[PDB]
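In: Below: the sequence, then the experimentally determined structure.
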Amino acid sequence: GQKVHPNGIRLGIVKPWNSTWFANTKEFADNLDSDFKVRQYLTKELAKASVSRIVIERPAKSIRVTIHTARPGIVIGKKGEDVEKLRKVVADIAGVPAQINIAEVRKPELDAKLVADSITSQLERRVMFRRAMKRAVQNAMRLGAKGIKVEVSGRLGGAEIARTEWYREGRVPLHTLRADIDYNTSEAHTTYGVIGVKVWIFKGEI
Amino acid sequence: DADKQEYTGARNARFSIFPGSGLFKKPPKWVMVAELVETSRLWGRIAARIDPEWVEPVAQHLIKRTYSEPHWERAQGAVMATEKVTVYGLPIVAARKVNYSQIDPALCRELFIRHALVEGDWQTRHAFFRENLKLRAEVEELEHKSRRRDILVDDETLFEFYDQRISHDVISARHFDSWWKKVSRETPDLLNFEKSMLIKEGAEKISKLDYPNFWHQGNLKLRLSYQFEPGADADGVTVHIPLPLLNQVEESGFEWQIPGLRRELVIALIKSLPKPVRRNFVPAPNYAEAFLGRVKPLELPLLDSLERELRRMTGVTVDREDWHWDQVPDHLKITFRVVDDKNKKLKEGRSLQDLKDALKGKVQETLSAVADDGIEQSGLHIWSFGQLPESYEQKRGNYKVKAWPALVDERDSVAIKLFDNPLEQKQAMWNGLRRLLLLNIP
Amino acid sequence: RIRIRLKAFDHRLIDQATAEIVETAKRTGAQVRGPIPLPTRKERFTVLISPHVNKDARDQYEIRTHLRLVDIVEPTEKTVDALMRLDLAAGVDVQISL
RNA sequence: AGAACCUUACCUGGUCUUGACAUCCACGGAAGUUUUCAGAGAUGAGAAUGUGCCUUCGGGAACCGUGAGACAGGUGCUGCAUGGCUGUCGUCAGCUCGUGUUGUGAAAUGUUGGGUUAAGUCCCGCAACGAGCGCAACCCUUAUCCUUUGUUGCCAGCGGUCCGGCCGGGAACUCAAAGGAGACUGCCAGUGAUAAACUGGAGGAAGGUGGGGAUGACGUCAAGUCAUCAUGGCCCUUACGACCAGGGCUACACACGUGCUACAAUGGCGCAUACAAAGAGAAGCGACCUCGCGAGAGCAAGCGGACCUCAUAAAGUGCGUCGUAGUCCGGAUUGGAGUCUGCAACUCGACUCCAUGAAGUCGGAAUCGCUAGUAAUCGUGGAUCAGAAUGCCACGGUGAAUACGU
């Protein structure tokens, strides 16, 4: 492993940060601790809702989180029911009252993290990896993407020895910083170990 | 429960209809039962559908009322809240909009007395309300003249001013109407505000000659309005212009402004100069004073005046293009709005040509509306006009309306149309005269 | 007479944050000093990136604290009511000193 | 990126067994505070007081304590079962695909050829035509100018000066940080396939990827990490889990790796005195004054910090002396007396003072870095951290030699 994280090289230029707030030397550490603590709860609770992305900002002893998800109905609940259950629990974890914004992700299979966690699901559902992967990669081209890289790695399909497999069609310029890349990883906890899953997505020049 | 065959009863308990009922298969949204029995689960034996407008009147000792979202609504002049009525924790009315101001008298007195009297955004007929609104107006144009917002006393003092003589019976708008009904007969002038708005600031010196309300340009007189809102599109001293006066107005000498701004005006103009020229003039307020102590308005154009007296002071030849007007603030630029007889501001700018390059068709039809006799004729082929007018004149209201008639060539005939410029009149009448001569020579 | 310190992690965000404050302050009472660009603090961070070995392989990170100062000198006691209502975004911290 | 215990995963001894840590059940008490006794330590026993909420009058929530079973736990093995992350060749310039053509086929062609560049960089040619990853560009910083603003930053044009930007004052200038501009072989001359391009010249603060950093392709080494974490399999389940105390990770006939300080007169020593950048600070930095030779201690201002503090930069320059003496070099080592930190400084911190003064008089075979603000040297700060660097990370000051050439 020698490449650099594309989102981590592209934070200050193109891709915005996931948390946006300020602190001194005192409150910064346990602020990060609470930011961690709410995130895994939201992910395990709404893992069936196809959560893509989480934004934290902290308005003056308050918190507003915005979660980008692809499916409206499950995360909103019927007749506005579940988001108020999510309301009080994150305030309980924070110690301050909170606000939750549900952000729709249209064009769902162009998001990297949703593609990654989707293709994680079928490997743990033991359908065969080649068909799963080429189905996951041609779909972005069909709905009009202009870069896609996909990888899985490690004890692949019950193999005794690990291997890596990558597909890529289009144009995925990692070394161009102005290129905009959607990137987040995933892990499949299959019966033989951990499949690693990586997805790079390329949208535009600026 | 929605799409569920279970019922929320008293406290957090849940039950279901005893299956021997006929409405066991036809569940109501609101049920009453006779016997609660715990056998496999909780069962109400004899069940019947009810309408939930029933249970508030018959459980007055049991209803708990929760009022949320207390917001002051203007239209009633009163605070609304959403009430929820419950017994044993059962939400009988999920939401009902009700008058929080009629519910409690403590805070709503302060809220109403502040809102409809101190801010005073009230749709009503009250005479003291009218006069206090006009007093706050005549103070806010004073602040707009001053460009300093310390003249007016704070609104909390106005709240105290109201509160000390509004009796304690007033809690809402209806009580206030009832109170003004019995108090307006004894003291009408008590609620009208006294003249103590300006106290000790020193701005309240404001000179009327330094801040005029009308500008005289030649024979004409143009309206002035004042506004303090820095960075706004309508900010700055705004001249209001009747539309037919456009043919007599010219931009010359107009940037002289009211005399109350000229010091910081010439400071802005002199610091619009680049750094080498700007270094000659230190300090800028002192040199502004030395300029204003010798300059008189309207004797020269503005740029020429700054150039020649600044040359007199230090000997630099500041060129015309050295002065930058984008660096000059917009509120110092005198806003232009063309208005009608009913003060509808049609078009606007901060230079006169922004008006003129957009109003020529509208000024033309304005001339045509007043010219109701047919000097303007078409299909004309032989000179049969007698003495063609040099400068056509009419009168509307208090102002004369001037234009210039001329011939117009049409390639098939000659026509007469109006023009708002003597030069365009000249070339138009020239071309029409040429076509007329060509038609008349054999 | 009032010192408004703005501390943020993005210059692209703190410019409009101080611009909103300055135009709202001059909107209702004027005589505001310009937003002073005051020397930012750079926190440089050296991290060993491999889990077990190769000390000489590291990454470098930094925190930039964009620091602006706004000064108002004259008594402007009516602006302060709407000044607390400007509900700026979470990206910048504001400190008001008298 | 910091072992006195703790860390600690090791040893020995005392100790526990649904457990030190999670979730489910049941019972009782809210929680918590003070005191004493034995023990190296984890127990047992008192006194005080709990008892807030929540009206559906009850309970609920937190917490403690007790017991059963489902269960937990492991820095235990496998990096040759894995993910993730990382080194490496190597910042090397190459690594491929779609379609076509040739060859039965493995494969080739594109990617070879002439030039040319740092570069499959570009041009031309060409059974190839295109495309992708790579290169470069855009990322950051530094090198010059302009616009904006000018606090705590600056002091030129003004005065008063308490001589101190001290003040009034001023926004010029430095500077500060935002937005622009500026360097693109852009222009000229020659060479060169009328090419790409090269050499030289002007202009310019910067001229030929301006300089430095980020950026590491396809992949190699079954490379390193099961002890960062997650993780499949296997192992223990009264012990390979858990608590505590003392010792060990710091030993010592030796051998090597990487550094520090020296062997000195381009120096040592003493005095006077000149010039920075960068960074940190609230359980913190810690002014001044006093006391002590000093380590520091008291007192205690200001500072969440362009203001205040760490904080006197040192080489230097000028004086006086030393005089080639294992020395007025060097400082290891050792004894005593002390200072701070922390429950605690014996093993096993850091520093001061007094006294001593090892080897060492330029390093065999060999071997390393360095192409310019570099090498060498001189100091400074940071992280970790209660206390702890000659290590790392960053910063400035002085500041080189040489490159014929393959």
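Out: Cool, got the structure. Numbering: from 1, shown residues only, chains lettered A, B, ... in the order given.
In: okay, CA-based contacts and neighbour counts for the rest of this
Out: OK.
In: Output stretch B:256-275 as CSV - backbone C-alpha positions only.
Out: Written as CSV, here are the backbone C-alpha positions of stretch B:256-275 (Å, rounded to 0.1, in the frame of the first residue of the first chain):
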residue,chain,number,x,y,z
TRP,B,256,-22.1,69.4,-5.3
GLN,B,257,-24.5,67.6,-2.9
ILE,B,258,-26.1,69.1,0.3
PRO,B,259,-23.5,71.1,2.2
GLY,B,260,-23.6,68.7,5.2
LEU,B,261,-21.6,66.0,3.4
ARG,B,262,-19.0,67.9,1.3
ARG,B,263,-16.1,67.5,3.8
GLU,B,264,-16.2,63.7,3.7
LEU,B,265,-17.1,63.9,0.0
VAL,B,266,-13.8,65.8,-0.9
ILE,B,267,-11.9,63.5,1.5
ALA,B,268,-13.3,60.4,-0.5
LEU,B,269,-12.4,62.1,-3.8
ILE,B,270,-8.9,63.0,-2.7
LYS,B,271,-8.2,59.5,-1.3
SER,B,272,-9.5,58.1,-4.6
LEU,B,273,-6.3,59.5,-6.0
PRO,B,274,-3.3,57.0,-6.2
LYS,B,275,-0.7,56.9,-3.5
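In: in that stretch, what counts as buried?
Out: For stretch B:256-275, burial by neighbour count (16 or more other Cα atoms under 10 Å in any protein chain shown) applies to B:256-258, B:260, B:262-263, B:265-273.
In: cool, and stretch A:31-42?
Out: With burial defined by 16+ other Cα under 10 Å, the residues of stretch A:31-42 counted as buried are A:31, A:35, A:38-39, A:42.
In: ok, and which of these reach chain B?
Out: For chain B, no contacts are drawn from the buried residues of stretch A:31-42 by Cα under 8 Å from any Cα of the partner chain.
In: and residue C:60, helix, strand or coil?
Out: Of the three states, residue C:60 takes strand under DSSP: H, G, I helix; E, B strand; the rest coil.
In: Show the contacting residues for the residue lying closest to it once chain neighbours are set aside.
Out: Once flanking residues are discounted, residue C:60 sits nearest to residue C:46: 5.0 Å by Cα to Cα, 6 or more residues apart in numbering or on different chains. Neighbour list for residue C:46: C:58-61 [criterion: Cα atoms under 8 Å, 6 or more residues apart in numbering or on different chains].
In: quick check, nearest of the residues you listed to residue B:12?
Out: Taking Cα to Cα as the measure, residue B:12 lies nearest residue C:61 of the contacts of residue C:46, at 54.8 Å.
In: So that closest one sits against residue C:42, correct?
Out: No. Here residue C:61 does not reach residue C:42: they are 9.8 Å apart, not a contact under Cα atoms under 8 Å.
In: Which strands border the helix or strand hosting residue B:91, and is each parallel or antiparallel?
Out: Element membership for residue B:91, per DSSP states H and E: strand B:90-99. Using DSSP bridges, the strands paired with strand B:90-99 in its sheet are strand B:78-87 (antiparallel).
In: how about the partner strand, does it reach RNA strand D?
Out: Yes. Contact of strand B:78-87 with RNA strand D (Cα under 7 Å from any atom of the strand) involves residue B:87.
In: Touching that strand from outside, list them.
Out: B:56, B:59, B:62-73, B:91-102, B:108, B:112, B:172-173.
In: before we move on, back to that, which ones among the buried residues of stretch B:256-275 are found in strands?
Out: Among these, no residue falls in strands (DSSP state E).
In: which one of these is nearest residue A:160?
Out: Among the buried residues of stretch B:256-275, and counting by Cα to Cα, the member closest to residue A:160 is residue B:272, at 78.6 Å.
In: can you tell me which residues contact the nearest residue to the closest one once chain neighbours are set aside?
Out: Excluding the flanking residues, the one nearest residue B:272 by Cα to Cα, 6+ apart is residue B:324, at 5.1 Å. Listed by Cα under 8 Å, 6+ apart, the contact set of residue B:324 reads B:269, B:272-273.
In: Show me what residue C:44 is bridged to.
Out: Residues in beta-bridge contact with residue C:44 (DSSP bridges): residue C:62.
In: distance of it from chain B?
Out: Between residue C:44 and chain B the distance is 39 Å, computed by Cα to the nearest Cα, to the nearest Å.
In: how near is that residue to residue C:83?
Out: Separation of residue C:44 from residue C:83 (Cα to Cα, to the nearest Å): 35 Å.
In: what's the answer for residue B:49, then?
Out: With distances taken as Cα to Cα, residue B:49 is found 56 Å from residue C:83.
In: From the contacts of residue C:46, pick the one nearest residue B:193.
Out: Here the nearest of these to residue B:193, counting by Cα to Cα, is residue C:61; it sits at 63.7 Å.
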